[PDB]
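What follows is a short report on a single structure.
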Amino acid sequence: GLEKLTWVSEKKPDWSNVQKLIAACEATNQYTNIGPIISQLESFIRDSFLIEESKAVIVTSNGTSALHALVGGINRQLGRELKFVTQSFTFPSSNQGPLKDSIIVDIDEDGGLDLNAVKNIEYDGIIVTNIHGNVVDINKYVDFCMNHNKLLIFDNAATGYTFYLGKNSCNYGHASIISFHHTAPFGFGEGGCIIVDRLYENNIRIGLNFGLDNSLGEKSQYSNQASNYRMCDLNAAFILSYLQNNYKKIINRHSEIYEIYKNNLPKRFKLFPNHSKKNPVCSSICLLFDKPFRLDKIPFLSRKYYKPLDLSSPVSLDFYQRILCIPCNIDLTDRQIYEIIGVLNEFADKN
Amino acid sequence: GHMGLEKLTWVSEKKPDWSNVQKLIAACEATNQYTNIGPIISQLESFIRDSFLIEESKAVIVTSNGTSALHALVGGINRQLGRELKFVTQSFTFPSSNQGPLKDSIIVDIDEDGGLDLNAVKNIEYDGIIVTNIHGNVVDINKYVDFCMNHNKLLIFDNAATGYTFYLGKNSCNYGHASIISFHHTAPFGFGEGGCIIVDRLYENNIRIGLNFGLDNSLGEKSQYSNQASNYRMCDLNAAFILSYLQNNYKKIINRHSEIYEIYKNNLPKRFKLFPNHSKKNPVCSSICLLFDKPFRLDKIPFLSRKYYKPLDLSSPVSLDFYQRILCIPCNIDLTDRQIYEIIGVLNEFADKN
Ligand SMILES: Cc1ncc(COP(=O)(O)O)c(/C=N/[C@H]2[C@H](O)[C@@H](O)[C@@H](OP(=O)(O)OP(=O)(O)OC[C@H]3O[C@@H](n4ccc(=O)[nH]c4=O)[C@H](O)[C@@H]3O)O[C@@H]2C)c1O
Ligand SMILES: Cc1ncc(COP(=O)(O)O)c(/C=N/[C@H]2[C@H](O)[C@@H](O)[C@@H](OP(=O)(O)OP(=O)(O)OC[C@H]3O[C@@H](n4ccc(=O)[nH]c4=O)[C@H](O)[C@@H]3O)O[C@@H]2C)c1O
Ligand SMILES: [Cl-]
Ligand SMILES: [Cl-]
Ligand SMILES: [Cl-]
Ligand SMILES: [Cl-]
Ligand code: NA
């Protein structure tokens, strides 16, 4: 039964629908530099993911370029290269591009950047990762950054539809980013999205286009903080089509998969720390064993994320050593989930 | 009075060969591998090598866009050498070469041949230079090669707009340590977004793993991200649209762009010159770049036309002079010879009155 597990659901273009969308590009020859699909996808994300009016929805080439475009747009707006802190327990994106010199601190046992490690250092802002659809105690980060006059970015690459105190977690902090990578529940190919305070929208949007704004004619000015960060309308069509056809099923079924693990926890495993009242929509089901173990002991498709960016961060390393990332996708059967739980019970008994 | 020119577009009308694109992407549907180097990437990199004639000494590495080809190239070389390398770029170019890992590159003027003024780096500390082959025109490539050899400097050609201009019998992309090309929709060979790195094999591995955050899955637990890396890879969906467009069009684009250049070469309007170019055969141009003898405004030209490049440093005098004197005329496979002569008619009329 577990032989046919896949990391990602089988995804295939709805060709008739993708062709209908890109017909708009064919009619004007505008397939990028903000063609006719970008507004359609940004709208659909706003309305389907429930983003608030005080937030821009800005699609980009990938989750990484969503984070980098966000920072570059903010840097240009403030006339300074801002210094960010990120947690060790995250993907490389938050220590690359305009963040290549970001400060790396440990997480606390609740899965997010340890606020204790930024008490006595110089920084403009923090990046907190909501791990694989799970969310931190978001209001403790909002409150701290408010009291210290710091920018707050949520790395929601893997966290497009987990609700915190009645709204999409993407609506908290000054900004968040989402990934539409093929491996994300909502993704298809490559893509990213910035959810950000309107204060920064214009500088971020022109910052996808080297800083250039055609509407300014002769005073259009590049920024050395910008790049080519835009989403191509081809990619926007594939992602919008996948979302139109699947987004509601993904939300419901991922929540149901979470329910089975929550009510049938395997022996000596705990759910990854989460602070949502309703079940999170996960990119994988993250469990923590009570002690370090190797993946090669687990006899079905599984992974460990995230190898600490700084291998010296103790909680990050402990989590990495104890974590199991189980496939979570709309192809999973309840039968496969109960078989996985039975295998992990057996794993615990032998280990 | 020129409704015959009302239909001019900057770019040829491009539409997917849906059957060809669907055939290519069926490889992705079979395995669910649409990115992270799916089954189309090797096919597009092979097609570019065989079609553009890239030597076996060079890796062909596709990327998300021409800007990411340049940035992934520099980020991979930075990782291999163990430091953030200092590049000089020319003011008369696109922003890409003063962004990302090049955000602090040194900017210098061009000489009147359209490339980086080598006399301007006399007393600078730098590791390499980036020279822009403007809109398919090439610089005296061997001048730059000899200089970078004598001075032990890395040489990158920004060929964003220059995928098939030959210098001494080989594609200009084959010269220096590396070049990059753009498959942006606005590029003759482009469709949507895309880029390509042509680079000495010495750097191939660091650049390829640098598309994937510096991670190498073949190292297992020793796989290690680099702060010099990013997400720079080309999505196989994009590879399929670009490959299909190249397969159907690249030979016609080379021949037709050469034919269009030939008409301008033999019917130059009064007081305009061809942008400087050092190839023996006609270049393959993203636009026909003419220099008027005097500064002028685009709003005097009664047909679709542009100016490139606004100088990155507006205190670069040769760069500003070119900008003020340049006219970038549409060059694509939809243009009729009849339209080109109506354009030259308009530009003689412009010249006599300015
Ligand atoms: C020397 C050099 N180096 C690097 C790069 C970076 O490559 P990449 O990252 O691929 O853009 C470039 C890129 N040059 C290109 C760039 O790709 C494109 O956006 C464009 O810039 P820009 O003129 O600012 O873009 P635009 O105003 O939106 O479009 C130019 C014309 O192109 C038309 N166009 C534009 C997009 C489209 O989908 N279809 C289309 O027909 C558009 O209607 C307009 O008529 O031209 C540049 C010369 C370069 O020239
Ligand atoms: C916290 C955080 N922040 C930022 C980003 C950056 O977003 P983006 O720039 O979109 O990747 C991310 C991205 N995380 C993702 C990333 O997008 C993806 O490449 C992947 O990384 P990695 O595990 O190194 O890649 P992989 O080894 O190629 O693929 C993981 C699995 O996914 C399967 N896969 C992969 C690609 C595909 O097309 N189809 C497919 O089935 C693949 O077969 C394998 O089983 O997972 C990360 C968790 C993040 O987790
Ligand atoms: Cl809640
Ligand atoms: Cl679908
Ligand atoms: Cl030659
Ligand atoms: Cl075609
Ligand atoms: Na054809």
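Proteins get letters first, then strands, A, B, ... in listed order; numbering begins at 1 in each. Every heavy atom of this structure was used, including side-chain atoms; hydrogens, water molecules and symmetry mates were not. Both ligands and their constituent atoms are indexed starting at 1 by order of listing.
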At under 4.0 Å between heavy atoms, what of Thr64(A) touches ligand 2? The answer is both
Within the 4.0 Å heavy-atom cut-off, what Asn231(B) brings close to ligand 2 is side chain
Has the side chain of [X] got a donor or acceptor atom that lies under 3.5 Å from a matching backbone atom of [Y]?
X         : Y         : value
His132(A) : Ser283(A) : no
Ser88(A)  : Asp310(A) : yes
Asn238(B) : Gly192(B) : no
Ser93(A)  : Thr64(A)  : no

Sub-3.5 Å N/O-N/O distance, [X] and ligand 2:
X         : answer
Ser93(A)  : no
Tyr305(A) : yes
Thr90(A)  : no
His182(A) : no
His132(A) : no
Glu190(A) : no
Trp7(A)   : no

Check your understanding: Is the number of heavy atoms from other residues, nucleotides or ligands within 6.0 Å of NZ (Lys265(B)) greater than 12?
Key -> yes
**Request:** Show your working on side chain to side chain contact (heavy atoms under 4.5 Å, CB included) between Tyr167(B) and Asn133(B) and close with a plain yes or no.
**Result:** CA-CA 12 Å; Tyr167(B) 184 82; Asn133(B) 286 321; over 6 Å; no
How far is [atom] from the closest protein heavy atom, and which atom is that?
atom                    : result
atom 21 (O) of ligand 2 : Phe91(A) CZ, 3.8 Å
atom 44 (C) of ligand 2 : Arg303(A) NH1, 3.6 Å
atom 33 (C) of ligand 2 : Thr183(A) CG2, 4.1 Å
atom 3 (N) of ligand 2  : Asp155(A) OD2, 2.7 Å

Heavy-atom contacts with [X] under 4.0 Å: which atoms of ligand 2 show up? List them by number with element.
X         : result
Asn217(B) : 27 (O)
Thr129(A) : 1 (C)
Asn32(B)  : 37 (C), 38 (O), 39 (N), 40 (C), 41 (O)
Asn62(A)  : 9 (O)
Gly63(A)  : 7 (O), 8 (P), 9 (O), 10 (O)
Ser179(A) : 7 (O), 8 (P), 10 (O)
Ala157(A) : 2 (C), 3 (N), 4 (C), 5 (C), 12 (C), 49 (C)

Q.
For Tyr306(A), state whether at least one heavy atom is located under 4.0 Å from any atom of ligand 2.
A. yes
Considering only NZ, NE, NH1 and NH2 on the basic side and carboxylate oxygens on the acidic side, decide whether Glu10(A) and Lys12(A) come within less than 4.0 Å.
no
Query raised in the report: Does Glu221(B) come within less than 4.0 Å of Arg294(A), counting only side-chain N to carboxylate O?
Result: no
request  = With side chain to side chain contact (heavy atoms under 4.5 Å, CB included) as the test, would you mind laying out the steps for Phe241(B) and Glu193(B) before giving the verdict?
outcome  = CA-CA 10 Å; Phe241(B) 285 93; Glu193(B) 293 271 350; over 6 Å; no
Practice problem: Evaluate side chain to side chain contact (heavy atoms under 4.5 Å, CB included) for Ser302(A) paired with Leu295(A), printing each intermediate quantity in order. | Solution: CA-CA 7 Å; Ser302(A) 51; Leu295(A) 265 187; 3.6 Å; yes
Heavy-atom proximity to atom 25 (O) of ligand 2, picking from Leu237(B), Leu215(B), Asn36(B), points to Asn36(B)
Among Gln33(B), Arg233(B), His181(A), the residue with a heavy atom nearest to atom 43 (O) of ligand 2 is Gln33(B)
Ring geometry between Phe188(A) and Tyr242(A) (parallel below 30°, tilted from 30 to 60°, perpendicular above 60°): tilted
Practice prompt. Just say parallel, tilted or perpendicular for the rings of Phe52(B) and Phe189(B), cut-offs at 30° and 60°.
Written response: tilted
From the list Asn174(B), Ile54(B), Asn159(B), side chain to side chain contact (heavy atoms under 4.5 Å, CB included) partner of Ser179(B) resolves to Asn159(B)
Pi-cation contact, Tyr175(B) with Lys170(B) (under 6.0 Å, within 45°)
yes
